[PDB]
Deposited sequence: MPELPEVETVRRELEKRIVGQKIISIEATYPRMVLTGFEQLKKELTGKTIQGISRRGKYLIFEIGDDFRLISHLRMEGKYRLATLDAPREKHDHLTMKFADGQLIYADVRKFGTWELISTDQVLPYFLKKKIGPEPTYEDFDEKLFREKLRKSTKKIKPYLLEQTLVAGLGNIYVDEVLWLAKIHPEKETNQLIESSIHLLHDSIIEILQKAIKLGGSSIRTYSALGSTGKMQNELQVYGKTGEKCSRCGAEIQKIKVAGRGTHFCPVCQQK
């Protein structure tokens, strides 16, 4: 989710910025949605200038004019390896540098790469309808409140859409709703102003805490946020606030962990 992608972004920023790409190889070229041979031709010999993030998307800034947009989906994992590192089964792509290589692996093959130009990045995210970053500066509670008032959607699935605010997935949506004492099936037009305020702040605070702790490990695999989870994967354990048993249900196809006392239906 956003905190894990941010953790990877920071680690990569530290290590590969300034590196010339010597070569690029694929064993699974079909995950390059803009075309693998095209990407190899355009990026070979270019230097990595920066790594940015928007929501759950990583953005490699490569030369002045290219942006490689990468989504890790369910299982994508990057690692920095020596040039002689052996192949592992689900490795799909590598960018080779002079002194090491960046390898992308993805057991389920869901993750994507798209090569687009610098001036097309903002239109790309507008087209995806990605909502604001989860910061006090960008995530305006007033617009959030108005969108929730207008909808009969259930809060968990509406938060997962990425349109009200970017970066929540199954772990942090469950954690946030427990923190804000809101049931995941609550229709959003039933939420009162004070609950919306607590939700807004809890989204920002949980994701910032998860970033600080290097994400949850259930690059970026040394996180400590998993030790702070209150409900996700905690079925049958007791709520830290009230002592009721955490329950698990299915909401719009997703596993959903909540306290039935603290999160009233």
| property | result |
| --- | --- |
| Missing segments of the deposited chain sequence, listed N- to C-terminal | 1 to 2, 221 to 225 |
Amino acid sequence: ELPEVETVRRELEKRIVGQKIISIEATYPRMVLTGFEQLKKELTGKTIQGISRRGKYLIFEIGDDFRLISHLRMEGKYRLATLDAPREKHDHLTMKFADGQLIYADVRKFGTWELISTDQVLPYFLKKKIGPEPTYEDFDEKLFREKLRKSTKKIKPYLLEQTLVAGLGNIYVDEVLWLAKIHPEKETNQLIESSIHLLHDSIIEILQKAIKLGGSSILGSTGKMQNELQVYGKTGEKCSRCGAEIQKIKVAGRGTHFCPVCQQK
From here on, numbers count along this sequence of modelled residues.
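Here the rigid core means the biggest group of C-alpha atoms that line up within 1.5 Å when the two forms are laid on top of each other.
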{"item": "Stretch with greater C-alpha deviation in 7 other deposited structures of this protein, 235 to 243 versus 193 to 201 (rigid core superposition)", "value": "235 to 243"}
{"item": "Between the two ranges 55 to 63 and 40 to 48, the one averaging a larger CA B factor in the entry", "value": "40 to 48"}
{"item": "Entry-level comparison of average CA B-factors, 221 to 229 and 27 to 35, reporting the higher stretch", "value": "221 to 229"}
{"item": "Candidate set 183, 73, 87, 142 [ranked by C-alpha B-factor, highest]", "value": "87"}
{"item": "CA B-factor ranking of residue 239, expressed as a third of its chain", "value": "highest"}
{"item": "Cα B factor band for residue 107 (lowest, middle or highest third within the chain)", "value": "lowest"}
{"item": "Residue 175 by Cα B-factor - lowest, middle or highest third of the modelled chain", "value": "lowest"}
{"item": "Lowest, middle or highest third - CA B-factor, residue 126", "value": "middle"}
{"item": "Chain thirds of CA B-factor: placement of residue 136", "value": "middle"}
